[PDB]
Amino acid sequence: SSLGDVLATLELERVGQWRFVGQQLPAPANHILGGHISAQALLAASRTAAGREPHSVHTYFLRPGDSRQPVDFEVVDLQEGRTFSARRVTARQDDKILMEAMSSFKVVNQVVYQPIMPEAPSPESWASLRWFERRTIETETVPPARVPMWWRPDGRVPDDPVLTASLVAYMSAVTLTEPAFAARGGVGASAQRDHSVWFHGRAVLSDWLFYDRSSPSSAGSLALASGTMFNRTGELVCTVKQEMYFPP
């Protein structure tokens, strides 16, 4: 398990009113994982939004980062309103821009609906990868290649609403390659290009979570991946979309 090491790296060091440094964890590559850097960037934005939770976030992964060096996150105030907040986060290593993200926030409480969580057998039946347990429920490789899974963090989580959201985003990104990799026939190196999350309800990480995954489309080198996450109770947690690059 590597949850303790993950949680540590997710505790960013503030070096300014709008500036943070995020420690990276060793990877064979050493390639920084999108989900990791976008989770850190989301925390960066969140900490500059006073007692407000993220309801959506859009992240572009622009350049591959060196996980042996830490990452500088600059936050920019796009909007600060009575109801909503908006942030820009730019992640850098030296002069290099690794990713840029936008995120939106509001203060929390009434017309509610969601997709119904698919019936599935209950779950009883790389540092960035090892912090969570997983049960891959069922598999198809022909597009849309639905490969839904059960997952939970391997360890106890502080029950920080904001930390939980970034961990949801964290995991939502790193597990979303496989449906696309499956649809292609596999054996192909890929790079994530962007990640998008819309938050619905608050995640319960003290139990298993259902992460429905698929790859609806691929326009050549670029494949789309789609995701919906549920609490074991069946409440929708987040809706997810991801675009990734496959070099010919």
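So that there is no doubt, residue numbering starts at 1 and follows the sequence shown.
According to the record, the deposited sequence contains 4 to 9 residues between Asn109 and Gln110 that were left without coordinates. The entry shows an unbroken chain from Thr83 to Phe84, with no unmodelled residues of the deposited sequence in between. In this crystal structure, the stretch out of 54 to 62 and 23 to 31 whose C-alpha atoms carry the higher mean B factor is 23 to 31.
Legend: mean Cα B-factor per stretch from the PDB entry, 203 to 211 versus 37 to 45; the higher mean is in 203 to 211. Residue-level inspection of the entry shows that, of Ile97, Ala169, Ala101, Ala120, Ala120 has the top Cα B-factor. Between the residues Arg92, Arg87, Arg134, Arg146, the entry's highest C-alpha temperature factor is the one at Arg134.
In the deposited entry, the Cα temperature factor of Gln114 sits in the middle third of values across the chain's modelled residues. Sort the chain's modelled residues by C-alpha temperature factor and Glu74 lands in the lowest third, per the entry. Split the chain's modelled residues into thirds by C-alpha temperature factor. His195 is in the lowest one. Ranked within its chain, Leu163 lands in the middle third, by CA B factor from the PDB record.
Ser217: CA B factor lies in the lowest third for its chain, per the PDB record.
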